[PDB]
Every structure is written in C-alpha cells, then in structure tokens.
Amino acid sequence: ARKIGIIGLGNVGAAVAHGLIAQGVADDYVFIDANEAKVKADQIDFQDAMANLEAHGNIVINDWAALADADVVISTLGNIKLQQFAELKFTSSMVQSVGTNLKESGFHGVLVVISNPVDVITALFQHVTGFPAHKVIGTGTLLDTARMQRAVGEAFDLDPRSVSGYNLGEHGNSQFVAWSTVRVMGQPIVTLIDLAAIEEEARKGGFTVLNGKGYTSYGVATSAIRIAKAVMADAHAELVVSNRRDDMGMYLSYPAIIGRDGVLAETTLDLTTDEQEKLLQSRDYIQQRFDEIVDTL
C-alpha cells in the first residue's frame, strides 16, 4: 500500500496533504508537527472530509515509528514569518532532531525536502540522517522551472506543459533559466520576445505571490507531489530536483532520473559556457553556507 509522511503541517505541508488526499494518492498518511494543536486540527478536519471524499486515506499524527514503512517522507517544516535563506537559522536548528528521529524510526524510503533554503537543508538532512545521498533530494528548481514555463506559456499562449527547458542552480538566490534548453513549438526559444522580461516574470513571480497572500503553497506542493508519485511508481522520470551530482560535490538543481530508490541516474546537459559558469557559482554559494552551518548541528 502507499504511505506518505509529512513533517511540518503549515501552509505548504497542508496543501501537499490536501493535493494527495483529494486525488486519493496514498492509503496511509503520517502528519508530524511540533505544534500539537495545529496538526490535530488538520487531522480531524481531513477526517471530517472522508465521508464526502471518493477515496479513503488513514491519518495518524506525531508518530515517528509509523514512518518505518513509508515510501516517501516530505519535509515542509520552517517558519514563513522569516521569509515575509534568513530562515536558515530556524530550519537548520530543526534538522538535527528531525533528522535523528527520522533515522531512528527505521525509515528507508526517499526523503523529499521543501524547507528553505532547500539546497542547504537538503544537504544537512543527508548529513544528519546518514541516508545515501540518492535517497535525499529537494524540490529545488522544479518550482522555478514551473514559473518559467508559466511565463513562457503566457507569452506564446501555450500549455505550460508544452514548454521544455530547465532552471538550474540554487533555489531562491542564484538559480537561472538555461535558455539553451528551452524550446517552444518546435523551435529553441533563443532563435525566437524579451527573454529577460520572461525571466523577470519567472524570478519575481514568487515574490508577487508571497507579497500578495503571505506565503506560496500550490506551486511547490504540486512539485513535491509530482516527485512523490515518481518515487512510489518507480517511473524513472527525468525531473529537475536538488540532487548531489558527483562532479558538483554539493547539492544543487540539475535534471536527474527518479524512481523508487531516489536518484537512479544523472543527466547531461550541453550548457553554454555562460550557463556552466553560473552553475558553478550556485555550487559555490550553497557549498559555503553549508560549510558555515554543518559544524553547528
């Protein structure tokens, strides 16, 4: 049967849970949150929906041992008030205990991290749990790429799913659009529009949402659900996620092949020199911030 664990039932974690429960994706769910009254409130509210939902799902709360046979565990803990990377003092303070309980529960599935700064927190989670790096991944620029596809989609009046290409690097700071990989309606977008306008709409689009309602939830929740379904189904799907490539030596977003055991293979992009240059800049940024904080745990 399918079992998913969600750590941190805030705006994003609760949207992840609603997206999964609304489609009846999993059979068993484990909600874990430091704030007890909140998570119990969400459990009951979801259990009240069950008589009127089409598919059934079981929900247990704050039970680490229940994670032992979970397929996927999604980490959505953090403090959005610190965003309203400065969040690093908060989320990095939480990874030691969350990571140790996770390791101790007997969990051996794939861990998907959303907590920001996603690249650095993904790395510290890998570091505390001791899980193989291919079992610990982050949404990273899967969200950024979806904003890029939305922006390019609006410009050409196309289905965003019909736009190909990726955003690489460090989510929420040096990530960039690899315009050499983007293609729309059979042609490479660079041989076609104000690309920087599109890139600005893509990059500033996330602040517009936070600015408008105080957080972001549907965009990133859906990116996590897509990765969680690829893992459980062992799809061997190519997705841009925050993964540790051998050549990079640090977590950063770059397309990879995802299946039931996590990262099954790396992909290879023919990036311009410009794009490779930016990619190592992101690597260095993540690496340094990670370096400063890993001793502190």
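Throughout, we count residues from 1 along the sequence that is shown.
Novice: Would you class the number of unmodelled deposited residues between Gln187 and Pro188 as none, 1 to 3, 4 to 9, or 10 or more?
Specialist: The entry has no gap there; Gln187 and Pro188 are joined directly.
Novice: Scan the PDB entry between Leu192 and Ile193 and report the missing deposited residues as one of none, 1 to 3, 4 to 9, 10 or more.
Specialist: In the record, 4 to 9 residues between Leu192 and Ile193 lack coordinates.
Novice: Can you tell me which stretch has the higher mean Cα B-factor, 194 to 202 or 177 to 185?
Specialist: The deposited B-factors put 194 to 202 ahead on the C-alpha mean.
Novice: For the stretches 63 to 71 and 24 to 32, which has the higher mean C-alpha B-factor as given in the deposited record?
Specialist: The deposited B-factors put 63 to 71 ahead on the C-alpha mean.
Novice: Whose CA atom has the top B-factor in the entry, of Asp144, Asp159, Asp119, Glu87?
Specialist: Result of the comparison over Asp144, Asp159, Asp119, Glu87: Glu87.
Novice: From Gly138, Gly212, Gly106, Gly172, can you pick the one with the highest C-alpha B factor in the entry?
Specialist: In this record, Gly172 carries the highest C-alpha B-factor of the candidates.
Novice: Split the chain's modelled residues into thirds by Cα B-factor; is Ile258 in the lowest, middle or highest one?
Specialist: CA B-factor rank for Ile258: lowest third.
Novice: Compare the C-alpha B factor of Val220 with those of the other modelled residues in its chain, then answer lowest, middle or highest third.
Specialist: Lowest third, going by the recorded CA B-factors of the chain.
Novice: Classify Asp48 as lowest, middle or highest third according to the C-alpha B-factor given in the PDB entry, relative to its own chain.
Specialist: Tercile = lowest for this residue's CA B-factor.
Novice: Tell me, lowest, middle or highest third: where does the Cα B factor of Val231 rank within its chain?
Specialist: It falls in the bottom third of the chain.
Novice: In terms of the chain's CA B-factor thirds, is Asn58 lowest, middle or highest?
Specialist: CA B-factor rank for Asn58: lowest third.
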